[PDB]
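# Here is my input; please provide its structure:
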Amino acid sequence: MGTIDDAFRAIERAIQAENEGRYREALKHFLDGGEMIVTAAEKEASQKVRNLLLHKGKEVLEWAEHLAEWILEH
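Numbers count the residues shown, from 1 in each chain. Right below this line is the structure:
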């Protein structure tokens, strides 16, 4: 498809894996999307959502890695 939403939908396969492999490098792909939400905030300024786009971006980025690593923690 080619959309940010895909990254969040694919995250399920990362945790569902429950193993140690390419899943580690797969996360890198998600981190790339994080810049998509930032660019929108940077290009802007006088936007109420711009504040949420960044806050939510820096969060989901650290969160996605938390659950993604869970596989190893298992």
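
# surely residue 27 meets residue 62?
No. Residue 27 lies out of contact with residue 62 (CB atoms under 8 Å); the separation is 11.2 Å. The C-beta positions use only the backbone N, C-alpha and C, and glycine is treated the same way.

# between these two, which one's more packed in?
The neighbour comparison of residue 27 against residue 62 (other CB atoms under 10 Å) goes to residue 27, with 17 against 11.

# Pull the contacting residues for that one.
14, 64-65, 68 (CB atoms under 8 Å, 6 or more residues apart in numbering).

# And residue 61, by the same measure?
Here residue 61 is in contact with 30-31, 34 (criterion: CB under 8 Å, 6+ apart).

# so which of these comes closest to residue 50?
Distances from residue 50 to those, taken as CB to CB, are shortest for residue 34 (15.1 Å).

# what about the residue nearest to that closest one when sequence neighbours are not counted, is that helix, strand or coil?
Take residue 34 and drop its neighbours on the chain: the residue closest to it by CB to CB, 6 or more residues apart in numbering is residue 61, 4.3 Å away. The assignment at residue 61 comes out as helix when based on DSSP: H, G, I helix; E, B strand; the rest coil.

# Next: residue 21.
coil.

# and it, how many neighbours does it have?
Counted with other CB under 10 Å, residues neighbouring residue 21 total 9.
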